[PDB]
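Protein chains in written order, with the deposited numbering: chain A, 0 to 167; chain B, 0 to 167; chain C, 0 to 167; chain D, 0 to 167; chain E, 0 to 167; chain F, 0 to 167.
Here the structure is laid out as structure tokens; the discussion comes afterwards.
Number of protein chains: 6
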Amino acid sequence: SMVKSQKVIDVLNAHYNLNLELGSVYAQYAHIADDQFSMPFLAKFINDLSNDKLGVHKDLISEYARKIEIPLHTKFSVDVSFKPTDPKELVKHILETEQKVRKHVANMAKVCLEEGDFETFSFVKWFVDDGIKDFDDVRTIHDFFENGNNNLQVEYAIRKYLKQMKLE
Amino acid sequence: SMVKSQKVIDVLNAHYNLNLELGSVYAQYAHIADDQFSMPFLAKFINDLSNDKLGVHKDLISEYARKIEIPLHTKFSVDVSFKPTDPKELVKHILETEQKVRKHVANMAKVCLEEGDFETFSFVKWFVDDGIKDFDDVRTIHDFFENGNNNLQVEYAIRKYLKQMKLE
Amino acid sequence: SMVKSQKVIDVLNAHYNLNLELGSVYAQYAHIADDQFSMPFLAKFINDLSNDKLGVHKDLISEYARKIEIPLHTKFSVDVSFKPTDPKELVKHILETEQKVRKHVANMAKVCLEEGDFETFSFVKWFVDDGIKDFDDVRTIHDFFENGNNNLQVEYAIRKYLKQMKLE
Amino acid sequence: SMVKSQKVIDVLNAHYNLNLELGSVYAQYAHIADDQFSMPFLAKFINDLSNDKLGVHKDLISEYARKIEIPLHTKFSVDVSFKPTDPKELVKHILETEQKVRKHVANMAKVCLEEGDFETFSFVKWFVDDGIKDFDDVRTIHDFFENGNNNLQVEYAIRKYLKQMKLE
Amino acid sequence: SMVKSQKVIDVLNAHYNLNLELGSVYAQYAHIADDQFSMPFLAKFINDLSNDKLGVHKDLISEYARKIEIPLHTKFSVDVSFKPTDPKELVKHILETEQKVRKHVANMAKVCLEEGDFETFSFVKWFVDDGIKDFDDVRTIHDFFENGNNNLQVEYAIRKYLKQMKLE
Amino acid sequence: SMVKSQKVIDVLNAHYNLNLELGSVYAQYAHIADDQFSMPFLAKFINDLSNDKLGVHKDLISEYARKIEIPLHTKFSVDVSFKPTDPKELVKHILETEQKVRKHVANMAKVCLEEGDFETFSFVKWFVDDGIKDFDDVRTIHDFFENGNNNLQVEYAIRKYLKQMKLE
Ligand SMILES: [Cl-]
Ligand SMILES: [Cl-]
Ligand SMILES: [Cl-]
Ligand SMILES: [Cl-]
Ligand SMILES: [Cl-]
Ligand SMILES: [Cl-]
Ligand SMILES: [Cl-]
Ligand SMILES: [Cl-]
Ligand SMILES: [Cl-]
Ligand SMILES: [Cl-]
Ligand SMILES: [Cl-]
Ligand SMILES: [Cl-]
Ligand SMILES: [Cl-]
Ligand SMILES: [Cl-]
Ligand SMILES: [Cl-]
Ligand SMILES: [Cl-]
Ligand SMILES: [Cl-]
Ligand SMILES: [Cl-]
Ligand SMILES: [Fe+3]
Ligand SMILES: [Fe+3]
Ligand SMILES: [Fe+3]
Ligand SMILES: [Fe+3]
Ligand SMILES: [Fe+3]
Ligand SMILES: [Fe+3]
Ligand SMILES: [Fe+3]
Ligand SMILES: [Fe+3]
Ligand SMILES: [Fe+3]
Ligand SMILES: [Fe+3]
Ligand SMILES: [Fe+3]
Ligand SMILES: [Fe+3]
Ligand SMILES: [Fe+3]
Ligand SMILES: [Fe+3]
Ligand SMILES: [Fe+3]
Ligand SMILES: [Fe+3]
Ligand SMILES: [Fe+3]
Ligand SMILES: [Fe+3]
Ligand SMILES: [Fe+3]
Ligand SMILES: [Fe+3]
């Protein structure tokens with residue numbers, strides 16, 4: 000009677016796999032930030048985003064899938080081809096990816112409401128709120144570049160932003 | 000003059016991608032352990048293995064690749080199709096996968112010595128030692144099944160093993 | 000029966016003297032950094048490199064030479080003639096010198112393996128690992144210059160890097 | 000595929016048994032030091048060497064043998080016939096025995112490399128490094144005799160050396 | 000006038016060598032427990048028995064031999080051929096060996112009284128009391144097998160017994 | 000107007016290079032003390048003297064040279080050929096070298112006064128006072144040999160002297 004609809008099963012499966020995929024993609028972006036641009040604090044910020052998708056984000060979804068007793072299957076592929084010309088272009092690309100994440104998460108909420116799945120509608124709220132927060136954090140990093148003159152100044156701003164994020 | 004050989008670049012790239020791939024695969028195995036077999040402590044053990052491949056293992060390799068200034072590229076695919084009939088079969092499959100990891104790591108050391116790359120030969124020692132340790136941990140879990148009569152007894156043994164591992 | 004080969008004796012003697020020589024050379028480079036460029040935090044970084052070659056590096060080698068009972072003799076000369084035009088050129092010159100150190104250390108490992116001297120092969124691992132770490136630290140300082148616009152910004156980045164190194 | 004070669008199995012078995020054998024032999028040497036020469040601090044030093052061979056050394060090998068799943072069998076015999084005329088001759092005999100241990104350990108490393116057994120090659124490094132350290136400790140005790148005039152002076156030097164060893 | 004009889008000298012020499020011999024034998028039994036039966040807590044219990052024979056037991060005897068100024072000589076051989084079919088058979092074999100130890104120790108006390116050697120009669124009391132205690136500990140482990148249904152249950156009981164022994 | 004005379008520039012340059020030279024020479028003497036004479040506490044004393052010349056002594060001079068804005072250049076050579084027959088001869092040779100250091104430092108003070116360079120005259124006072132203190136410490140070690148009968152007794156006296164020096 001609490002048997003979940005296939006539409007809900009599909010959006011949860013898609014979003015589980017998206018976090019594994021994007022977590023792996025973002026790990027390569029963090030590598031690029033340090034390897035190509037010599038910006039290790041930008042790399043730390045991107046690696047924190049990667050770690051959240053590869054860890055908490057996917058862990059929460061599979062945990063919840065088990066509670067509501069739906070099938071979950073892992074299938075995705077990664078082939079990171081993006082070649083940014085400069086670090087701001089890398090951050091803008093990540094920003095545009097987080098905008099897609101916000102869209103995916105909104106569609107999850109929409110489908111849950113359509114199906115009257117209030118359990119999953121409530122579960123998805125965490126991703127709605129985290130979607131806008133991650134997007135806003137990335138856009139702050141992006142706007143450092145447009146407020147500065149060189150990568151060392153941006154690195155300084157990122158290092159302090161990271162400390163501030165850890166102080167909740 | 001410290002320009003690394005393509006053979007070394009290739010084995011490091013392969014092993015970086017293998018850890019991302021296997022980390023994602025093992026996360027689905029941990030899900031199966033809890034979802035299908037209702038063995039959450041077995042799932043915790045497998046999830047710890049997953050977290051190490053998705054975290055420390057790949058992080059160490061990309062970090063080292065940047066120091067020696069080699070190209071690193073992310074490309075892999077995951078499609079978890081394994082359907083174990085019982086939890087011991089799942090653990091045995093993981094054991095056989097860790098045996099392949101030991102082989103891959105041995106081949107890395109072999110190729111480094113062939114190329115006279117003592118920097119990378121020394122780096123790889125961490126994976127040699129961790130390869131045998133992970134394999135041995137998995138085989139201990141496997142031998143719990145052959146020493147017990149039901150999954151609850153095994154769960155008890157795993158929970159205590161995990162505490163013991165955390166006490167280094 | 001554990002009488003060491005002349006080839007091993009020679010590479011250890013050469014590397015002992017190289018650290019005394021380079022330690023003295025780097026002390027003059029640190030002086031130049033402060034005296035000519037008014038970059039005292041760059042000078043601190045270079046002086047730390049000097050202190051390690053003049054201290055730990057040479058101390059470890061002579062200590063080990065005594066254990067394996069080989070002759071050790073001190074003979075080297077220093078005449079620091081390098082006149083950098085700017086501080087990045089100074090750091091690049093140090094980077095190229097650390098690249099030579101990596102080559103010398105690799106040759107030590109190669110000769111130990113050729114002679115079946117596993118005692119010294121294991122001893123040399125410390126210098127292999129320290130070679131790549133020192134090189135990477137210097138290259139980080141170098142890349143500060145290419146990420147910044149003036150020496151004060153670089154000084155800021157070096158001061159923070161030094162704090163980070165002291166926090167292991 | 001990680002099935003270990005008989006040559007590696009043999010050197011590990013030999014070295015396990017050698018540590019049990021030498022540990023028992025050295026316990027009798029420690030007895031001689033106190034019983035015949037009335038040098039209880041020399042006896043403490045020798046008993047510490049005995050305890051390490053009978054304890055940590057053999058424990059590490061059997062532990063590792065189980066991980067790599069090789070056969071291990073115990074067979075050795077002890078018949079301590081050495082009759083030193085004075086305590087320096089006893090210490091020199093131990094020194095010559097530790098020189099044989101260094102040779103045995105080097106042969107283990109050599110055989111591991113020949114077989115491409117990097118797991119065991121890495122395991123053996125602990126014994127390479129401990130071989131030279133034990134040898135050097137014994138030779139320090141030996142050189143006390145050639146720096147002193149009577150056994151009480153040597154006993155004083157040994158007691159302080161032991162304190163120093165315990166302060167790592 | 001306190002010159003000890005040859006009969007007492009012989010039983011002390013025999014018991015010194017027996018502890019070295021049995022300590023080495025029991026170390027192989029502990030290996031079997033873990034290697035063949037995958038019972039690491041049974042192995043810990045047996046290794047503790049081994050450590051006591053190789054350590055305290057033999058150390059006490061040689062210490063005492065020196066005080067009473069008797070000759071002590073080390074000669075024994077070990078060739079562990081026992082192949083238990085299951086872990087209870089291994090523990091029963093150890094139990095029967097500790098029964099022989101109790102007999103040997105009783106004979107030591109008997110011979111001391113015959114010779115009027117009250118010094119050694121009092122010394123031997125420690126081994127009389129430890130003989131029955133070790134025997135009783137082993138028999139408790141043995142009776143775990145006959146109270147349980149599988150090795151995991153026994154392992155649980157042994158782990159708790161070991162904690163209890165450490166709480167004196 | 001505070002432009003320093005060439006005579007002062009020369010004595011400071013000479014004394015900077017002398018400390019690098021002697022620091023390197025004394026490091027080889029410390030090696031000889033341990034390697035040839037098996038006197039590790041004598042080696043510690045000599046190594047402390049070496050460390051002071053290679054560290055504080057040269058660091059103070061280059062620091063001061065930068066403040067008064069004089070040229071400083073590094074050029075020296077080391078070829079340690081001294082072959083002492085016994086450890087007292089080694090210590091006497093060091094004593095005679097510290098006597099030369101006292102002469103060099105006195106000449107520095109003399110030249111500063113001649114030139115009316117009170118800044119450098121005051122700076123040099125630290126080396127005047129340290130010159131006599133180092134000389135006196137070395138002569139105390141030397142007089143241990145003439146108060147003792149063997150190297151172990153001297154080693155004892157040096158170890159206690161070193162503790163006393165560390166208690167200021
Ligand atoms: Cl850039
Ligand atoms: Cl852009
Ligand atoms: Cl820039
Ligand atoms: Cl099941
Ligand atoms: Cl199976
Ligand atoms: Cl079950
Ligand atoms: Cl400049
Ligand atoms: Cl440049
Ligand atoms: Cl500038
Ligand atoms: Cl004597
Ligand atoms: Cl001798
Ligand atoms: Cl004497
Ligand atoms: Cl069984
Ligand atoms: Cl039985
Ligand atoms: Cl069972
Ligand atoms: Cl001498
Ligand atoms: Cl003299
Ligand atoms: Cl002497
Ligand atoms: Fe659940
Ligand atoms: Fe997030
Ligand atoms: Fe977040
Ligand atoms: Fe890097
Ligand atoms: Fe290591
Ligand atoms: Fe791992
Ligand atoms: Fe691990
Ligand atoms: Fe030494
Ligand atoms: Fe270093
Ligand atoms: Fe370093
Ligand atoms: Fe094991
Ligand atoms: Fe040892
Ligand atoms: Fe040791
Ligand atoms: Fe005694
Ligand atoms: Fe009593
Ligand atoms: Fe006992
Ligand atoms: Fe006991
Ligand atoms: Fe200055
Ligand atoms: Fe001084
Ligand atoms: Fe001083």
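Built from N, CA and C at the ideal position, the CB exists for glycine as well.
Alpha carbon to alpha carbon, how far is residue j from residue i? Give it in angstroms, no decimals.
{"i": "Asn148(A)", "j": "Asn146(C)", "result": "10 angstroms"}
{"i": "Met107(D)", "j": "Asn18(D)", "result": "14 angstroms"}
{"i": "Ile140(B)", "j": "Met38(B)", "result": "12 angstroms"}
{"i": "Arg101(C)", "j": "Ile69(C)", "result": "24 angstroms"}
{"i": "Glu113(E)", "j": "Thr119(D)", "result": "55 angstroms"}
{"i": "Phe117(E)", "j": "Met1(E)", "result": "11 angstroms"}
{"i": "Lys3(F)", "j": "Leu89(C)", "result": "27 angstroms"}
{"i": "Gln163(F)", "j": "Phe40(D)", "result": "26 angstroms"}
{"i": "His72(E)", "j": "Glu167(C)", "result": "53 angstroms"}
{"i": "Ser61(E)", "j": "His30(D)", "result": "7 angstroms"}
{"i": "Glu154(C)", "j": "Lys57(D)", "result": "54 angstroms"}
{"i": "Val104(B)", "j": "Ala64(E)", "result": "54 angstroms"}
{"i": "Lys132(C)", "j": "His14(D)", "result": "36 angstroms"}
{"i": "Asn150(A)", "j": "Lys43(A)", "result": "15 angstroms"}
{"i": "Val110(F)", "j": "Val10(F)", "result": "8 angstroms"}
{"i": "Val79(E)", "j": "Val123(D)", "result": "25 angstroms"}
{"i": "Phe134(B)", "j": "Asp51(D)", "result": "28 angstroms"}
{"i": "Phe144(F)", "j": "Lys91(C)", "result": "51 angstroms"}
{"i": "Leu53(D)", "j": "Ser23(D)", "result": "7 angstroms"}
{"i": "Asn16(B)", "j": "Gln5(D)", "result": "34 angstroms"}
Pull up the DSSP beta-bridge partners for residue i, would you.
{"i": "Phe75(C)", "result": "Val77(F)"}
At a cut-off of 6 angstroms, is residue i close to ligand 16 when judged by its beta-carbon and the heavy atoms of the ligand?
{"i": "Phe40(F)", "result": "no"}
Would you say residue i touches ligand 28, meaning its beta carbon is less than 6 angstroms from a heavy atom?
{"i": "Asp47(C)", "result": "no"}
I'd like to confirm something about residue i: is its beta-carbon nearer than 6 angstroms to some heavy atom of ligand 17, or not?
{"i": "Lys82(F)", "result": "no"}
Sorry if obvious, but does the Cβ on residue i come closer than 6 angstroms to a heavy atom of ligand 13?
{"i": "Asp85(E)", "result": "yes"}
Any heavy atom of ligand 18 inside 6 angstroms of the beta-carbon of residue i?
{"i": "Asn146(D)", "result": "yes"}
At a threshold of 6 angstroms, does residue i count as lining ligand 25 (C-beta to nearest heavy atom)?
{"i": "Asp129(B)", "result": "yes"}
Given the structure, does residue i come close to ligand 8, in the sense that its CB is under 6 angstroms from one of the ligand's heavy atoms?
{"i": "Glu95(C)", "result": "no"}
{"i": "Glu167(C)", "result": "no"}
Is any heavy atom of ligand 32 found at a distance shorter than 6 angstroms from the C-beta of residue i?
{"i": "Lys162(E)", "result": "no"}
{"i": "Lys3(E)", "result": "no"}
{"i": "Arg65(C)", "result": "no"}
Mind checking whether the beta-carbon of residue i lies closer than 6 angstroms to any heavy atom of ligand 22?
{"i": "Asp136(C)", "result": "no"}
With respect to 6 angstroms, is the separation between the Cβ of residue i and the closest non-hydrogen atom of ligand 24 below this value?
{"i": "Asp133(B)", "result": "yes"}
Using only the heavy atoms of ligand 30, determine whether one of them is closer than 6 angstroms to the beta carbon of residue i.
{"i": "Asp51(D)", "result": "yes"}
Comparing the CB of residue i with every heavy atom of ligand 10, is any distance shorter than 6 angstroms?
{"i": "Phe143(D)", "result": "no"}
Listed in chain order, which residues are found with a beta carbon closer than 5 angstroms to a heavy atom of ligand 9?
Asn149(C), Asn150(C)
Quick check on the DSSP output: what are the complete beta strand (DSSP E) runs of length 3 or more inside the segment 27-113 of chain C, in order along the chain?
74-78
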